[PDB]
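Given next, in structure tokens, is a single chain: the form deposited in one PDB entry.
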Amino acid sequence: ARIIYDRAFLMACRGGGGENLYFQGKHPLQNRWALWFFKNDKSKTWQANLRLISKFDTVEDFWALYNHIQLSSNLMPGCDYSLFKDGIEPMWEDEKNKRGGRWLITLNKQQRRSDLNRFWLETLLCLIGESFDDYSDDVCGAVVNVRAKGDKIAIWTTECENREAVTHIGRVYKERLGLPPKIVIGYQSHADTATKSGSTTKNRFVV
């Protein structure tokens, strides 16, 4: 049976406390997850800029990692963070992303201060909590691109032709973000996003 945590449960497991007696007191995740960082440098190759930070598979180890990064880390533009299921690289060329795409939220300059941290955490909860019912199996991961022009947050899914999975992910995600129903989010095939065709990329789906 799928391990599913709602938003309230994940939030109550936060701040630590549990003794983890018998190694049996932590709350297991459905999936193991890997946190990645990708910098920009004096042309290091794409592989040399992509770094694995940490992996986890309990609610408590998620929060120790989240609380740590929140206390310790700086927010540099040009950088990207990704949380992906164990064994999927955060690159669209990966077997599990090549046929896929992303549900994209773009924030303007002003919304860095107000919405970036909030929307990123809400995104992470959706992933580790298995919030999309059977369609959570279609999730690969989520990416945050920290940029001067405006930040991007996206959930990556495995198959852009699975309309029922994709649209359900998008509905629940927009709901969990608490976006106004007139803020429309768009799902972009990685194959279209890889092609630079001018102004904007095509949306396969919108919610």
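Don't overthink the numbering: it's just position in the shown sequence, from 1.
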- line: The stretch whose C-alpha atoms carry the larger average B-factor in the entry, 46-54 or 62-70, is 46-54
- line: For 192-200 versus 6-14, entry-based mean Cα B-factors point to 192-200
- request: Pick out which of 91, 116, 76, 128 has the highest C-alpha B-factor in the PDB entry.
  value: 76
- prompt: Hey, out of 157, 162, 30, 40, whose CA B-factor is highest in the deposited coordinates?
  reply: 40
Chain-wide C-alpha B factor ranking for residue 98, given as lowest, middle or highest third: middle
task: Consider only the C-alpha atoms of the modelled residues in this chain, order them by B-factor as the entry records it, and name the third containing residue 152: lowest, middle or highest.
output: lowest
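Beyond what is shown, the protein has a form solved in complex with a partner chain; the following relates to that form.
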query: So, in the entry with it bound, is residue 115 in contact with the partner chain at a 4.5 angstroms heavy atom limit?
result: no
query: Counting only non-hydrogen atoms and a 4.5 angstroms cut-off, does residue 128 reach the partner chain in the entry with it bound?
result: yes
- request: Examine residue 59 and determine whether its closest non-hydrogen atom to the partner chain in the entry with it bound is within 4.5 angstroms.
  value: yes
query: Can you check whether residue 162 is within 4.5 Å of the partner chain in the entry with it bound, heavy atom basis?
result: no
